[PDB]
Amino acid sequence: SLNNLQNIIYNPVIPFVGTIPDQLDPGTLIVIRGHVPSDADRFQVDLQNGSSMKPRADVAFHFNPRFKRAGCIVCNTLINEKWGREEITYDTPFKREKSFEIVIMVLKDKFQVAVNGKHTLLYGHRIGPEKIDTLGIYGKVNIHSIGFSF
């Protein structure tokens, strides 16, 4: 499953913005390992069409764990600097002060996300995955490694 994983970024400064080195075709994996700090309110993993900041680049897949109250994961898409319809997942595996491994698997019609070896959620494509060339990681999170399996 991770036998083809190639980690290429270690302990990046957050915020991290980096070009994805290949097209996110079906079967592609994005693997992100790190920690949630004790004071974390939220962090996000954004799969972006480009790295523009002004105006803000479209986010095909916003994967946004939030830790207040019982915690959740918000997923959404940003187009023309505007958010679409939120898909909220309340069964979240993330915890402050806990390590994690996020595996984002890119499928034909959706993303399938597993955390710590366990399925977490699905997100149907709203932007064609071929337009995704940039990985952004923002917020209160510590990242040990970013890798890809194409």
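The term rigid core refers to the most C-alpha atoms you can superpose between the two forms while keeping them within 1.5 Å. The numbering used is simple: start at 1 and walk along the sequence shown.
Engineer: Do the Cα atoms of 8-16 or of 125-133 sit farther, on average, from the shown structure in 6 other deposited structures of this protein when the rigid core is superposed?
Structural biologist: Clearly, after the core fit, the stretch farther away in 6 other deposited structures of this protein is 8-16.
Engineer: Higher mean Cα B-factor in the deposited model: 35-43 or 80-88?
Structural biologist: Of 80-88 and 35-43, the stretch with the higher C-alpha B-factor average is 35-43.
Engineer: If you average the CA temperature factors over each stretch, which comes out higher, 23-31 or 66-74?
Structural biologist: The stretch with the larger average C-alpha B-factor is 66-74.
Engineer: If you rank every modelled residue in this chain by C-alpha B factor, which third holds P129: lowest, middle or highest?
Structural biologist: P129: CA B-factor falls in the lowest third of its chain.
Engineer: Would you check the entry's CA temperature factor for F100 and let me know if it's in the chain's lowest, middle or highest third?
Structural biologist: Its C-alpha B-factor belongs to the middle third of this chain's values.
Engineer: Ordered by C-alpha B-factor within the chain, which third holds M53? Give me lowest, middle or highest, please.
Structural biologist: Highest third, going by the recorded CA B-factors of the chain.
Engineer: Among all modelled residues of this chain, ranked by Cα B factor, put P15 in the bottom, middle or top third, i.e. lowest, middle or highest.
Structural biologist: It falls in the top third of the chain.
Engineer: Would you please rank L5 by its C-alpha temperature factor against the other modelled residues of its chain and give the third it falls in: lowest, middle or highest?
Structural biologist: Middle third, going by the recorded CA B-factors of the chain.
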